[PDB]
Every structure is written in structure tokens, then in C-alpha cells.
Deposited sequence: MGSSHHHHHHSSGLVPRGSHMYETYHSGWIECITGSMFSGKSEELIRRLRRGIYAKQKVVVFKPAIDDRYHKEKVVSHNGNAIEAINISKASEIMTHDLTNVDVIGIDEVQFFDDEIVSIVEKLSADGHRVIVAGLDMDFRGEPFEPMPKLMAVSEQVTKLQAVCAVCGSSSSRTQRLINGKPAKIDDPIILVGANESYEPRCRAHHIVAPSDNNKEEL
């Protein structure tokens, strides 16, 4: 039967690299492997498919596919949850990777529900760019200073950066 593996953590934790590592094990086992993302060994290669909408997944013929990866799952909405549940019901090994929290430390839909329903959950940590300890947050900086709680995701002409930080060095500025 099928199952779901969930890979999560902050922006700099290497989630996507870990997803690919797991998928490449499929290749060496002579399995057919695909990875969906927001838009090789002895002849066997990961088939990568760029998508704009979660619903696109079901338009592909996956009957002969053993392992299905889905990267950056926070890009999609709650629809991806039932898709993943159906795929694993159908007998596929499904591996999903995405952010646990945004820059504000707010949970990123739909990872919470995916973590709750998945057979396996791995939360990867990064390393704090301030102190070098294990980190769990992503610090957004705008013009050198911590982003404010109500700063929009998209800006025009702003100097901005992201870095991994531990809880102790993560700052969300007041609105």
C-alpha cells in the first residue's frame, strides 16, 4: 500500500535537497519517480513536472508511477491535502516538502494538516546566522531591520533579505 512522508522546516533547512535525496533512492531501486514543483541512473531518471495549480497533478497519468514528490507545498492551498491522501490511498509513496512557518512565525497552510495526516514527519532545522545554534525560524529583514508583523510579502524597491535564525534571535517588529 501507499503512505505519505512529510519534510518541513524553515527556508534555509535544505527541505528540497532532502526531498531529492529520498526520490533518488527510488531511482537506484529501479522505481519510476516523479516530482511536482510550482511553476538519472542507468536510464532511470526523476521526471520533474512544473505546475501552477494543485489540480494539475490529477491530469497526469500516474498509474505506473511508484514515488511522487511534491516540493514547496506551501505554494498550494488545502486542495493539495485530499490529492495527497488520494495518491497514497491509490498505493503511491508520496513525499511532500514545504515550509512550516512564514517569516512572522505563523503556520504556513497547508503543512499543519499534512503533518497531522502523514505517516512520517521530518522537521529539519538550519543553523542560526547570528549565533550558530540550531535554528527553526526565518528572519526577514527590510532595509537592515526586522520586518514588521503586517509587512506585505511583495514590495517594490525595498532592500530585503532572509536569513536562518533561532527563536532567541528571531524578531518580528510591532505594527
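Of the deposited sequence, positions 1 to 26, 66 to 76, 213 to 219 lack any modelled C-alpha atom.
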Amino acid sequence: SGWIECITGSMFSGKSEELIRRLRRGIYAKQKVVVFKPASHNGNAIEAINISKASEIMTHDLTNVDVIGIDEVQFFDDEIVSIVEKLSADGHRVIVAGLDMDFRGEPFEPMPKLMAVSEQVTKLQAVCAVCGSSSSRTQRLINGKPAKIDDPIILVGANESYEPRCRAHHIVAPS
From here on, numbers count along this sequence of modelled residues.
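Averaged over their C-alpha atoms, the temperature factors of 129 to 137 and 112 to 120 are higher for 129 to 137. Taking only CA atoms, the mean B-factor in the PDB entry is higher for 40 to 48 than for the other of 40 to 48 and 102 to 110.
Looking at 53, 30, 60, 145, the one whose CA carries the top B-factor in the deposited record is 145. Ranked by Cα temperature factor within the chain, residue 11 sits in the middle third according to the deposited record. Among the modelled residues of its chain, residue 65 has a C-alpha B-factor that falls in the middle third according to the deposited record.
When the modelled residues of the chain are ordered by their C-alpha B factor, residue 71 lands in the lowest third. Per the deposited record, the Cα B-factor of residue 151 falls in the highest third when ranked against the other modelled residues of its chain. When the modelled residues of the chain are ordered by C-alpha B-factor, residue 87 sits in the middle third.
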